[PDB]
Structures are given as C-alpha cells and as structure tokens.
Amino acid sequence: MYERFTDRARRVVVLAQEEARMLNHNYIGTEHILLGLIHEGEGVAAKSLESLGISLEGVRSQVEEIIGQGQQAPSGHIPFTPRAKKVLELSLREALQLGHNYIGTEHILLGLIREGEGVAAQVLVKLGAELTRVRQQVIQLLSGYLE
C-alpha cells in the first residue's frame, strides 16, 4: 500500500525509521511516526501539530521520559511495532473517507489518533492535545484549503 502514499507521506515513514535509529531504538513505534510527521516540516500533519503547540522538542522530551534510549544505534531495517502497523493500516481508511485516493501526511496523523492508545497518543495528551482536538484541527485546516 505504500504505492498510494504521497511523496511526503513516504518521507515521513522513512524519517520515522531514522528517528528510531538515532534514539538507539530497535522498533519503529507510533512515537517515531509522530516525530517524523513533525520533523519533515511541510505537510498538513506538521502544520496541524505546530498549530496545536506540539513541538519536536516537546515530543522528544516525553519520549525520553516514557521510553528512553538504548545503548547502540542499530544497522539495517527496524521493524514497526504492532501499534505502528495499526496506525498505517488506519491511515488508508482516513484518506478514503475524506475523499482521497492517496495517503498524505494528514492521514497518517489521523490514523495515529484513531489508534489512540500507543506512545504517540500518550505523548499528545501529556502535551495538552486531546485526540478529538487534534482531529478537529486537521479538519479545520483542510477546510481552509477548500477556499
């Protein structure tokens, strides 16, 4: 299904793996998808998170508090966690329901909040961004793009 991801959404997934690697992590979790959405810096997901006061530094601090780093950066392919897999599956449905045949950054963010249970969701709530508020912000920004 990666064939349906936009270039920027693919870049987010590629960057999520490197967010994990540079933290000496051995799985790509939902929190690394969150970091990648912010760090790539251009798409509707990044805009939505910035506009809710969710910064890369806020997320990094919470990930260090909740997960912490390993001892060594791994080589090779880092596997997705069960919850990260669920996020990427759910992204497909978010896109279809919003009338898109492609999966953009916003749909990965929407999948992440739909899963709603893993480390990224915990971080967002801890940083003051309730899941319904994140969803409604994405909708609000998307509506502005229809002008």
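Start at 1 with the first residue shown and count on from there.
Averaged over CA atoms, B-factors in the entry run higher in 38-46 than in the other of 38-46 and 56-64. Relative to its counterpart among 108-116 and 94-102, 94-102 has the higher mean temperature factor, C-alpha atoms as listed in the PDB entry. Taking the deposited Cα B-factors for 16, 9, 127, 139, the highest one is held by 127. Sort the modelled residues of the chain by CA B factor and residue 145 lands in the highest third.
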